[PDB]
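Laid out below as structure tokens are two forms of one and the same protein chain, each shown alone and named structure 1 and structure 2.
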Structure 1
């Protein structure tokens, strides 16, 4: 009896059950049993690299977008250009999403886009009205963003449930995901994490442009726009603070729209003032433009698979509009296939339509074999910058010295490929 083995991460509330519901029509159509194994993200990395070196593993694995370069460069993934042609090729994806289909600069695709993580700003419509801040102006530009946070700091408005003021902005500082939160500020200033110029990749974290963007963002906590407790918190803790009426503004993904529709007893926040006064806007334009951070996850086929033709049919199914919409629903993500965004499921909620507006500006990291190493060094040095911010000690000079250290370590890492 035909079987496929698929490894996935915990993408949805009941990961195995949801994936089995997702693929049931495919199973029934081709008389195949898809065997799913759920792996936490760090357990997944170990298992996948072990499969790559040993030549023993599943047919398909989920990959984070930032893992495609490293696993591709091992020479263990089957080309999937034919799958991607079936789904509509380069045209059917945002350019930032298309970049994650391959090792940077490779002719052959080795991963199929599955779902997209992207971030935009949620805001309390009641808080901004009370502060005399127009959201269209506040999220248009860095100048409007800083000016609106100042007006939010001054506002006498109190949440009608907490009976207390709102922090103007809640954001995590030091966290493993700190580079994703920084990236739109680096990019909007004209900077980069690493850039390809002069026949090689180099750190750009200590460029003038990158330092301007980083200092703009990190300095907002020192100006009193971000409360001290936000900088002691992880991504989920900040989401809870926004739901609980403690934040006027915070960056998250499309999952918060679904949560605002669901009672707290089902893991949502529909009863709370925030859910009833919810707006969303893209990140603001910097001096060199407007960018939305993209991540998410792709699917890859190991080239030692004994089931490649059937595995490619399953990749076409998972990558295709029906499954794209269903899984984006299950995960609270955006479909990776842009064709799926035309689905009435998206077109019928004005807040989700705003995420699709945000998506036009999408930007990803380069798909480098050495990406994990680059990101680790950038996270370590930005975490030291955020530690200075939590003490009110960050200067442009202190930030420059931390990014000069990151750039030296990164350039030595990039030397190794």
Structure 2
């Protein structure tokens, strides 16, 4: 007898780690769990085709930002029962509980699986040399800039490469998401969409949203991000950091894990970067301190022929023991608030910085149309990055691009 589960690649050998995780459940319930791994790049299409066709697995992983769109299709089984058995609303951060439903829905359609948020990895060796105090560089936008300026000047060189380091690496290729940009929007007092006057509307062209975007994009334009980083995507920037080309880059907690895995195992423990690794939160902007808070949930399709067994599996995967074990293999944080006290999270000084940074975690609203909003936003942001590649991103050029993005988002939202 067989349960089918789709996941994304959350760990170096993602199917083996998932199968190890569920072996106790399989033994206790007389069932086999067959897992399929979908790359993040294609998972949306396969999940959407499963949703409209009625041909799919019992359970799928969903990125928290996808729950609303899949739930609005009317294909997910209610899971209020599972969430109650896990301890209900009080067992989760509000930012995690919001991702359990479509915004405004009265019924839960996803079970929190793991959480992740974004912070700055830095080279302790590169900053020590450049004379940069990390507590100062990551406190404020002002500090951040002054720190990249000291890093750009530095004669420091990677021992493996023998070359200087880029102060900051961030991808300039049209992004899949706003996860890199949203902290700058939010720190300025901006937002992507805002609910006001009975309706959701774009806020990407607000003065605050434009101030934060322009701060971020202009770092690349003032030589803090080398030309070659503007031509790279998130994956090619991670590789660059691992290989000693970057002093500072923003990512999720999984880099700590990858950094303890040898290069032969899909990791980078033997590189200088892994041996000189610091983590610092996003700096405070003029209007506050925010980072992207994300993660993945698990949903049950309402056409599953195995709903009872699937719900025992969601309860298993959602519960404390499996929450710690899966976080240990993935480098993510558990979804369940209580599981953060595990010594495996509290005795890792880099992970404790992510834990502290979650106070400033901010999530997107769980809207049916969220994918189309982010898609329109990233297409226009990619045009702004192409102006950066020319030295021609002006406050007026950014505003005209974000005015076109707002008109097309406002259009999509009605």
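Residue numbers count along the first chain shown, from 1. Here, rigid core means the biggest group of C-alpha atoms that superpose within 1.5 Å across both forms.
Only one of 342, 222, 196, 329 shifts by 2 Å or more at CA between structure 1 and structure 2 when the core is aligned; which is it?
Once the cores are aligned, the residue moving by 2 Å or more is 329.
Hey, does residue 60 budge by 2 Å or more at the Cα between structure 1 and structure 2 once the core is superposed?
Residue 60: C-alpha displaced by 2 Å or more between structure 1 and structure 2.
On a core-based superposition, does residue 303 travel 2 Å or more at its Cα between structure 1 and structure 2?
Comparing forms between structure 1 and structure 2, the residue 303 CA shifts at least 2 Å.
Does residue 399 count as moved between structure 1 and structure 2, where moved means a C-alpha shift of 2 angstroms or more after fitting the rigid core?
Stays below the 2 Å threshold, so no.
Relative to the superposed core, report the C-alpha shift of residue 159 between structure 1 and structure 2 in angstrom.
Taking the core as reference, the C-alpha of residue 159 is shifted 1.2 Å.
Give the C-alpha shift of residue 18 between structure 1 and structure 2, in Å, after superposing the two forms on their rigid core.
With the rigid core fitted, the alpha carbon of residue 18 is displaced 2.4 Å between structure 1 and structure 2.
Residue 43: how big is its Cα shift between structure 1 and structure 2, in Å, with the core superposed?
That residue's C-alpha is offset by 4.9 Å.
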